[PDB]
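Take a look at this one chain, the form deposited in one PDB entry, written out in structure tokens.
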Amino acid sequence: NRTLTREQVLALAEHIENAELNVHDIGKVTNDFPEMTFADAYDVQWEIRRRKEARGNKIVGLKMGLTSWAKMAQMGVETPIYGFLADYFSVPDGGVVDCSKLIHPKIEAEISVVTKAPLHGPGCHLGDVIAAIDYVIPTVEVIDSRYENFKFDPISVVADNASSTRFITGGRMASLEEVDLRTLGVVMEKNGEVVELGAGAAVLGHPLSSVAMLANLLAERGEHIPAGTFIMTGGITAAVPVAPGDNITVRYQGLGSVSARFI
């Protein structure tokens, strides 16, 4: 399942994290370790998590990447990917993101869930997830691949924590009974203009499925989704570059809006 030595995992994690911490893009790691499997990549990502926990960061949630059947097929993968969210990733609705701490950030409109019951795989699917949802909450992610490379590389991206870097919760919380996630419309505005549109169904056909896929992915490593877990279910719209001076508002049908100022 794995081709990296443990020393390589540790060194890769340090190297990839350092790119984030030092705001310094690096070559995608699969160029130097072309044999890396997803298990290697997750070993690396999880070691990054450890490095963050070790210096006292709290891990406050999980995020999903590649939550598009089309994109999965394009990238030659059969499942989404996930990454973790550190406490300092969090930005208040309307808050400021300091781009000088970021490399080449993009924002995406997502819907997050907080669970109220444990979920696990393998074999988790939508039906298992429904009963476990406490509420949903509009969330914009700021993603920022630490790689200098143009073309998306799933295994490198995983090693780089699915490009996670900031997330902004906002809008209004709602129970599942109050929202239809498949038809929940989102409008992303940047500097006063509509730049992207999407509906919840853009996430796998049903954003809650993202949670189940997460459960099954975590099961591959003998982990699950504890109750109370905050999960960003995936990009509803295309990701949009942001730069200093940009202001963005993402409007969620019936859920208010999430905004952020970039400096």
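Each form is matched to the other, and the largest set of C-alpha atoms that superpose within 1.5 Å is called the rigid core. Sequential numbering from 1, following the sequence displayed. Shifts are known only where both forms have a C-alpha.
A second form of this protein, the form deposited in another entry, is not displayed here; the remarks below concern that form.
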Of 184, 91, 77, 187, the residue whose C-alpha shifts by 2 Å or more between the shown form and the other one, after superposition on the rigid core, is 77
With the core lined up, does the C-alpha of residue 135 move 2 Å or more between the shown form and the other one?
-> no
Determine, after fitting the two forms on their core, whether residue 68 shows a C-alpha shift of 2 Å or more between the shown form and the other one.
-> yes
Specify closer or farther for residue 163 and residue 76: how their Cα atoms are spaced in the other entry versus the shown form, given a shift of 3 angstroms or more.
-> closer
Note whether the distance between the C-alpha atoms of residue 132 and residue 79 decreases (closer) or increases (farther) in the other entry, against the displayed form; the change is 3 Å or more.
-> farther
Sequence-ordered runs, three or more residues, C-alpha shift 2 Å or more between the shown form and the other one, rigid core | 68 to 79, 149 to 152
